[PDB]
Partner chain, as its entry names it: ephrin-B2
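Only one chain is shown below, in structure tokens, and it's the form deposited without the partner chain.
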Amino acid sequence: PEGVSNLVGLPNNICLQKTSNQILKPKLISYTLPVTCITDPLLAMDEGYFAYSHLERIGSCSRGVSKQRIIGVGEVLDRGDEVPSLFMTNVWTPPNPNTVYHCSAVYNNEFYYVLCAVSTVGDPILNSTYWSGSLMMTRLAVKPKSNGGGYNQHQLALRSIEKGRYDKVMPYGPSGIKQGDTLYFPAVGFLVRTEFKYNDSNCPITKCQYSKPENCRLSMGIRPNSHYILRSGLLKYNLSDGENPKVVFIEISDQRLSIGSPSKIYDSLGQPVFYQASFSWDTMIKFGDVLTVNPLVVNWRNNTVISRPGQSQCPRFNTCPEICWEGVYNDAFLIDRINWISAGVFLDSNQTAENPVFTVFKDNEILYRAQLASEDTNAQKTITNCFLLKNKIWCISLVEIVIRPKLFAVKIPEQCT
């Protein structure tokens, strides 16, 4: 195809061997987007278009005054020298920036749809027993037209929500997928703790001498006595389900179960792939091909080399079941399915979040890496999407670094020197 295309078919060969060579040359491409403090980044990419979101806050990046929500879409052009960049095309700013949360983006047929939570009671993850179940869904034209009216920007009607045994459902991750006319956003189900069916004998504590069988069940919520547990999953939107289609929750299977965290479903090489932040004691990266979208079943990787920084209770590389809700979202994007090679930006430090490194890896072997900064520089969230330009695998990572997001374009190299 022309310009930027999804990672499908038979892409140009890539370096398939472990090498300390410096063969990844990232490129700072942030300059083609908007710059106070900036948290809650969203980067979704698909079919040559992209979606971006953030909240510009006043002073403190934790509790400052919410200045603005930016929900924006655009195209991924070859910027002029065979390097891809994001060029905004259509920006929407909610009226009330501090009632919009946990936005999640999916592209379908020259529209981005973005699913957010509406809350007048704070971050629903933190005030769940008080959060109204409400959801807002915005459709943005990726390439708006002159008097485009509703085509350019439209606020779709989120009438009904089918949620099974779940009190309330919510988007929880940057990007999702489409299958035909059905959008699957990555979501989380709030379940009353007392209905949560769990076999404590399946909490894996064999080599864990200070654990106890019931930490897993306990750290399925943000406190061990938390009113809800969070189960990750899919929110399903069927665009041909009438006037106002419903959203339907799909829970993730119980295999390698961990607290609902911010997650991501993405297509790669024709088939869907899932990623779940390790916000709990299971700190080894959770991702793998989707076996089936519904029920949601994910052939998790037995990955032994990639993890996330955490706090002192569940640090990097922790495996033992512990009571903890800590960690950062550092997603990865599968670039090669035959050999299961993937790229993402992870933070190379044990209990401090710092030193972001763009990394290409196997299940139990990092192949080649490339620091995006100095070992001192604190990073928090990383979102990585990969795609084809002139048939060459590239990746765009948003890497949080006060804190503001900065975008890197890293071409996956073919030779190993």
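Positions refer to the first chain, counted from 1. The term rigid core refers to the most C-alpha atoms you can superpose between the two forms while keeping them within 1.5 Å.
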| item | value |
| --- | --- |
| Greatest C-alpha divergence in 5 other deposited structures of this protein once each structure is fitted on the rigid core, 146-154 or 225-233 | 146-154 |
| Higher-deviation segment by CA RMS in 5 other deposited structures of this protein, core fitted, 52-60 or 377-385 | 52-60 |
| Missing residues, deposited sequence, between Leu28 and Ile29 (class: none, 1 to 3, 4 to 9, 10 or more) | none |
| Deposited residues omitted from coordinates between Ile401 and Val402, as a class | 4 to 9 |
| Of 53-61 and 66-74, the stretch whose C-alpha atoms average the higher B-factor in the entry | 53-61 |
| 153-161 versus 105-113 - which carries the larger mean C-alpha B factor in the record | 153-161 |
| Residue selected from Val121, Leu257, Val142, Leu235 by maximal Cα B factor | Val121 |
| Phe87, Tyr275, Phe249, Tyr210, ranked by C-alpha B-factor: the highest one | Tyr210 |
| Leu230, C-alpha B-factor rank within chain (lowest, middle or highest third) | lowest |
| B-factor third for the C-alpha atom of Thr359 within its chain | lowest |
| CA B-factor ranking of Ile396, expressed as a third of its chain | lowest |
| Ranked C-alpha temperature factor of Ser263 among modelled chain residues, by third | lowest |
| For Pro224, the third of its chain into which the C-alpha B factor falls | middle |
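From this point on, the text means the form solved in complex with the partner chain, which you will not see here.
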property	result
Contact residue in the deposited bound form, from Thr304, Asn199, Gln313, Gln155 (heavy atom within 4.5 Å of the partner chain)	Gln313
In the deposited bound form, the one of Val328, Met284, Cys203, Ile250 near the partner chain [non-hydrogen atom within 4.5 angstroms]	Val328
Partner contact for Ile222 in the deposited bound form: the partner chain, 4.5 angstroms, heavy atom	yes
Interface membership of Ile403, the partner chain in the deposited bound form, 4.5 Å heavy atom rule	yes
Interface membership of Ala370, the partner chain in the deposited bound form, 4.5 Å heavy atom rule	no
The partner chain contact in the deposited bound form: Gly74, any heavy atom under 4.5 Å	no
Triplet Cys61, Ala353 and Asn378 all within 4.5 Å of the partner chain in the deposited bound form via a heavy atom	yes
